[PDB]
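Q: sequence plus experimental coordinates follow:
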Amino acid sequence: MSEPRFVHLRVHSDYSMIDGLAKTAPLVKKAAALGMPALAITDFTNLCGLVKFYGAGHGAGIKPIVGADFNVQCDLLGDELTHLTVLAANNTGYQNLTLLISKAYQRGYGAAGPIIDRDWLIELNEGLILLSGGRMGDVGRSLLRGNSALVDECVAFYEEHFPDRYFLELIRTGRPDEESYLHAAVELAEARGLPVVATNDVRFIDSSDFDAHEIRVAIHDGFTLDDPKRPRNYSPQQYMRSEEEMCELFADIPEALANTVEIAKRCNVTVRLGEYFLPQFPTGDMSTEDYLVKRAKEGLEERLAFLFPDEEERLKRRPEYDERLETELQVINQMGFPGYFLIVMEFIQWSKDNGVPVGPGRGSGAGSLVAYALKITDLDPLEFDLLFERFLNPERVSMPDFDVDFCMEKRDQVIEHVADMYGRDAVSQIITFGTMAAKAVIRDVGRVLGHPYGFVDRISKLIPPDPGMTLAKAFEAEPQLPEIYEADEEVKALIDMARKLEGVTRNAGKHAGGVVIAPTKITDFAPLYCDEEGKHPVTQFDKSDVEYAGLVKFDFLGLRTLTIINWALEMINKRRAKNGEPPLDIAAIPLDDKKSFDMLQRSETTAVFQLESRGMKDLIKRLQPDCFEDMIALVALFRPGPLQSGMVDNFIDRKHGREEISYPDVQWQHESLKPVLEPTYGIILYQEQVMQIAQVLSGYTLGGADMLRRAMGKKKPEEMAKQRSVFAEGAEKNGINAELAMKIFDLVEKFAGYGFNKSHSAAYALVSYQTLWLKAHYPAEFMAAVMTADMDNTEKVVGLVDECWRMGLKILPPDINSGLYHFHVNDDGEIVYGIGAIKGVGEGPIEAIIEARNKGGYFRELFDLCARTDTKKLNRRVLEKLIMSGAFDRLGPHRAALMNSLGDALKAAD
């Protein structure tokens, strides 16, 4: 009748971490290949892959069933931990399950892992369906004892707290006591009026995956495969059995199969994706809408007076901006996003007031004039043909994302601000996952297969260093890989296994990935993960997943460029009182400064953000970038595709009169494209040019244009066919020839494949320009801040003193009486060496040197230095390392005679 006869209600993904092999989407695609309509994933004490589950479910037509597996702990069975599955039947249940999981982690745990108390199920109860745990459950273990009274006590709990919502779970996977328990559970179930359910307790996709999952478990547990003492809790039968295979396994208990279909139908959880659940912003008695309109119009007034400080020009130039402003404002308010813009502007402001550097990145946010008006971004988008619809497209369901990051060192300062702002409980850090990439998986599998370190490292050293590296990429890039694979049985067995485990989730990361902001308690939105002491709580959804589930987040990034600008500006602005000049606003600098572009065309881009590569210096030389547009272009030009397709040469040639500019091609061009293609010498370089060509040539809206760029990325059969038609009749309607329109469409689509995000490139290029302008106008304080930042890399600071020399700057060698922790700039414009860069010293010892010398400089020699201070902060190892950096070369003798003095005078301290 209804027709499907089985669904899997207990399945682990690799997100269980203790076990599992298959990722979330692959498990969903298996279910569907099996012709199943639904699928429970019940990972161990987490919902980490839930957002991925839901996305892959919709894609495959499969209904996701939300659950988790636990180890349970009641006073009846003492210290023995038992298994339970908890399924969320509705959203009440989902939230109860999220609370249950959080509660386990917050309680803390030991080697045994996180555990729930059975009685937590009393209050955390509604909307949950429980499967009994099988032989390894409460009732299963009591049954296997054969203590009738104990069994009755155990089930009684479920009869009271879970009527019609507790199922006795039956599992045939060829494991000890399964059938004996099953026989006794079926007797219990008839005697009590209780229902039975079959599961396959799935840990892998196919039966032939068993050996690889054994290896995965052994890596986690820390055993070698051939160890007799190694836990063998799994069988080869624990794969995703088909409907028929389960139908035959349980042909004797049809209720058990049918109860899977029934439970699957009762379980209907909405996890909504792709829309924000924003926290509330302090708007007074103003609408959120109206408060944003106000701050944006008035922010636009500041920008306009900076850009056009002649009032005659500001009037004539103004309409365009006001129209852009209210056009954006309309999309933001009608989509329900003004709170978002407001939160981000507040955050950007707060981090300026306090000393919290935020990264260059802005998603596609620099194409918003409102972002600019609000001081979220610092570039005029109308000057640079940056497009609002590439950031927030009204014809689309979107989540605007400024992707703002800050340095992880300052997380506590920011968690604090955003708790004061939105509520302490509504604020949380975000989980990261450790996976087994190429080098690691080889190492891990190799050890489990019993190889000594030497054998396996002879393999892993053949995997290239490269950021993205995979085993498949490694085998193509390195010919010795194929060779030893075919020539060595042990290596073949090893790599075949490493291929099955590559990418697999191993653990919660060492550090968090960001700070997330909820409208209420975090637990209203994500479950928590914590350490063994229930500390370091983090959302069980990571960066991408947490935001897809509708939370505002701010990422950690360790990029030190804004820290450098910050420090350099502090140093510049001290030169304030020294000649009573107003502070510098790095945001207020001209973008056509000649000194800046002179220095850049000279390829002098050491310590200039993004532009330090030898390759990039080669490119700058040939290109001779003399405007900011060219700086935006550099990252788009400097790629393997553009260089090995002649586009870089075309761009450079058309720039310097060596090649005629066409819009874009000699034959296949149209003059209406000239304003669009002008800044790039008629080359389609940007994603936004793709969009403007569809708008201008064939009458697309900017939002419909962003939909065509998106369709060009996917490259699907039916997809294009339709846009190809819109684009045809759009050009026809502009009086443009059909064959030309189509031939230009082919070119747009060719170049769209390399097409760079102009707004992403521009936000970064502005930061390059800032480091470039600083270097040109305040070389001493700029290099000083850069050398401070790189202090712990000695190779790197050395290359920076070389650059300083090359610049005509005077960097002074370590001076004990003159030096600070940071490099700084004396009243002469000479760089005073930062003592922090002397390897083997440290902020602790140095603070104690400055603390002494301050209080009455001081010092006149080595004896006088440790005459007071202190061994308990300024010991010998630090002193000898100070001598050899030459820090005492202005007082007494040289390094040699200082080491053998050392001494000796040492003891004259006390």
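A: Here it is on my side, so go on. Numbering: from 1, shown residues only.

Q: quick check: residue 560 touching residue 789?
A: Yes. With contact defined as C-beta atoms under 8 Å, residue 560 reaches residue 789; the gap is 4.7 Å. Just so you know, the C-beta spots here come from the backbone N, C-alpha and C atoms, and that holds for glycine as well.

Q: quick one, domains of this structure?
A: Following curated CATH domains, one gets these domains for the chain: 1-270, 271-432+511-560, 433-510, 561-910.

Q: mean neighbour count for those - can I get that in TSV?
A: TSV is the format used below for those (neighbours: other C-beta atoms under 10 Å):
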stretch	mean neighbour count
domain 1-270	19
domain 271-432+511-560	19
domain 433-510	17
domain 561-910	18
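
Q: need the longest strand for the chain.
A: If you go by DSSP state E, the chain has its longest strand at strand 63-73.

Q: just want the most central residue of the protein.
A: Centroid-nearest residue in the chain, with C-alpha atoms, centre = their mean: residue 543, separated by 5.2 Å.

Q: and for that one, nearest residue in space, chain neighbours not counted?
A: Nearest residue to residue 543 in three dimensions, chain neighbours excluded: residue 513, at 4.8 Å (C-beta to C-beta, 6 or more residues apart in numbering).

Q: mind listing the strands for the stretch 101-250 of the chain?
A: Using DSSP state E, counting those that start in this stretch, the strands of the stretch 101-250 of the chain run over 116-117, 128-131, 166-170, 196-198.

Q: returning to what we had before: I'd say the residue nearest to the centre of the chain and residue 514 touch.
A: Yes. Using C-beta under 8 Å, residue 543 makes contact with residue 514 at a distance of 5.6 Å.

Q: give me the common contacts of the two.
A: Common neighbours of residue 543 and residue 514 (criterion: C-beta atoms under 8 Å, 6 or more residues apart in numbering): 430, 553, 555.

Q: which element is the second one on?
A: So the one you mean is residue 553. Here residue 553, judged by DSSP states H and E, is contained in strand 552-556.

Q: so what are the sheet partners of that strand and their directions?
A: Sheet pairing of strand 552-556 (DSSP bridges) gives strand 405-406 (parallel), strand 514-517 (antiparallel).

Q: report the distance from the first one to the chain centre.
A: Think strand 405-406. 11 Å (C-alpha atoms, centre = their mean, to the nearest Å).

Q: can you tell me what sits against that strand?
A: 351, 356-359, 361, 414, 514, 554-557, 559.

Q: mind putting the residues you listed into JSON lines with distance to residue 469?
A: Formatted as JSON lines, those follow (distance: C-beta to C-beta, whole Å):
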{"residue": "351", "distance to residue 469": "35"}
{"residue": "356", "distance to residue 469": "34"}
{"residue": "357", "distance to residue 469": "30"}
{"residue": "358", "distance to residue 469": "30"}
{"residue": "359", "distance to residue 469": "25"}
{"residue": "361", "distance to residue 469": "24"}
{"residue": "414", "distance to residue 469": "33"}
{"residue": "514", "distance to residue 469": "25"}
{"residue": "554", "distance to residue 469": "29"}
{"residue": "555", "distance to residue 469": "23"}
{"residue": "556", "distance to residue 469": "23"}
{"residue": "557", "distance to residue 469": "22"}
{"residue": "559", "distance to residue 469": "22"}
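
Q: between those residues, which sits nearest residue 734?
A: When the contacts of strand 405-406 are compared for distance to residue 734 (C-beta to C-beta), residue 361 wins out at 36.8 Å.

Q: verify the stated contact: that closest one with residue 764.
A: Yes. Residue 361 lies in contact with residue 764 (C-beta under 8 Å); the separation is 7.2 Å.

Q: now for those two: what residues contact both?
A: In contact with both residue 361 and residue 764: no residue, using C-beta under 8 Å, 6+ apart.

Q: tell me where the stretch 801-910 of the chain has strands.
A: Listed in chain order, the strands of the stretch 801-910 of the chain (DSSP E, counting those that start in this stretch) span 811-812, 824-825, 831-832.

Q: give the other helices and strands that the second one contacts.
A: Looking back up the chat, that one is strand 824-825. For strand 824-825, the elements it packs on are helix 779-789, strand 831-832, judged by 3 or more C-beta pairs under 8 Å, 6 or more residues apart in numbering; DSSP states H and E.

Q: closest to residue 494 among the shared contacts of residue 543 and residue 514?
A: residue 430 (34.7 Å).

Q: tell me how far that closest one lies from residue 405.
A: From residue 430 across to residue 405, the span is 12 Å (C-beta to C-beta, to the nearest Å).

Q: mind listing what the closest residue to residue 318 other than its chain neighbours touches?
A: Nearest residue to residue 318, sequence neighbours excluded (C-beta to C-beta, 6+ apart): residue 304, at 6.4 Å. Counting by C-beta under 8 Å, 6+ apart, residue 304 touches 314, 318, 321.

Q: now find how far off-centre the strand or helix carrying residue 304 is within its chain.
A: Assigned by DSSP H and E, residue 304 belongs to helix 288-307. Offset of helix 288-307 from its chain centre (C-alpha atoms, centre = their mean): 32 Å.

Q: just the CA coordinates of it, formatted as CSV?
A: In CSV, the C-alpha atoms belonging to helix 288-307 read as follows (Å, rounded to 0.1, in the frame of the first residue of the first chain):
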residue,chain,number,x,y,z
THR,A,288,14.9,49.6,12.9
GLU,A,289,14.2,50.6,9.3
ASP,A,290,14.1,54.3,10.2
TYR,A,291,17.2,54.3,12.4
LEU,A,292,19.2,52.8,9.6
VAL,A,293,17.8,55.2,7.0
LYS,A,294,18.9,58.0,9.4
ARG,A,295,22.5,56.8,10.1
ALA,A,296,23.0,56.0,6.4
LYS,A,297,21.8,59.3,5.0
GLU,A,298,24.0,61.2,7.5
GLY,A,299,26.9,58.9,7.0
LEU,A,300,26.6,59.6,3.3
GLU,A,301,26.8,63.3,4.1
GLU,A,302,30.2,62.8,5.7
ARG,A,303,31.5,60.7,2.7
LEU,A,304,30.2,63.3,0.3
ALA,A,305,32.0,66.2,2.0
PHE,A,306,35.2,64.2,2.0
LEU,A,307,34.9,63.2,-1.6
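
Q: tell me which of the helices and strands packed on strand 824-825 approaches residue 382 most closely.
A: Residue 382 sits nearest to helix 779-789 of all these, at 30.3 Å, using C-beta to C-beta.

Q: from the middle of its chain, how far away would the closest one be?
A: Relative to its chain's centre, helix 779-789 lies at 29 Å (C-alpha atoms, centre = their mean).

Q: and it, what does it pack against?
A: Contact analysis of helix 779-789 by 3+ C-beta pairs under 8 Å, 6+ apart lists helix 561-574, helix 758-777, helix 794-806, strand 824-825, strand 831-832 as its packing neighbours.

Q: now do that helix against helix 758-777, angle only.
A: Counting by axes from the mean of the first three to the mean of the last three C-alpha atoms, to 10 degrees, helix 779-789 lies at 120 degrees to helix 758-777.

Q: quick one: helix 779-789 to helix 794-806, angle?
A: Interaxial angle, helix 779-789 versus helix 794-806 (the same axes, to 10 degrees): 170 degrees.

Q: start and end of stretch 274-286, how far apart?
A: Taking C-alpha to C-alpha, to the nearest Å, stretch 274-286 runs 28 Å from one end to the other.

Q: so what's the nearest residue to residue 331 once chain neighbours are set aside up against?
A: Excluding the flanking residues, the one nearest residue 331 by C-beta to C-beta, 6+ apart is residue 394, at 4.7 Å. Residues in contact with residue 394 (C-beta under 8 Å, 6+ apart) are 331, 334, 335, 703.

Q: quick one: contacts for the last one?
A: For residue 703, the contacting residues are 389, 393, 394, 395, 396, taking C-beta under 8 Å, 6+ apart as the criterion.

Q: just the second one next, same as before
A: Listed by C-beta under 8 Å, 6+ apart, the contact set of residue 334 reads residue 394.

Q: that's all I had, so thanks and see you.
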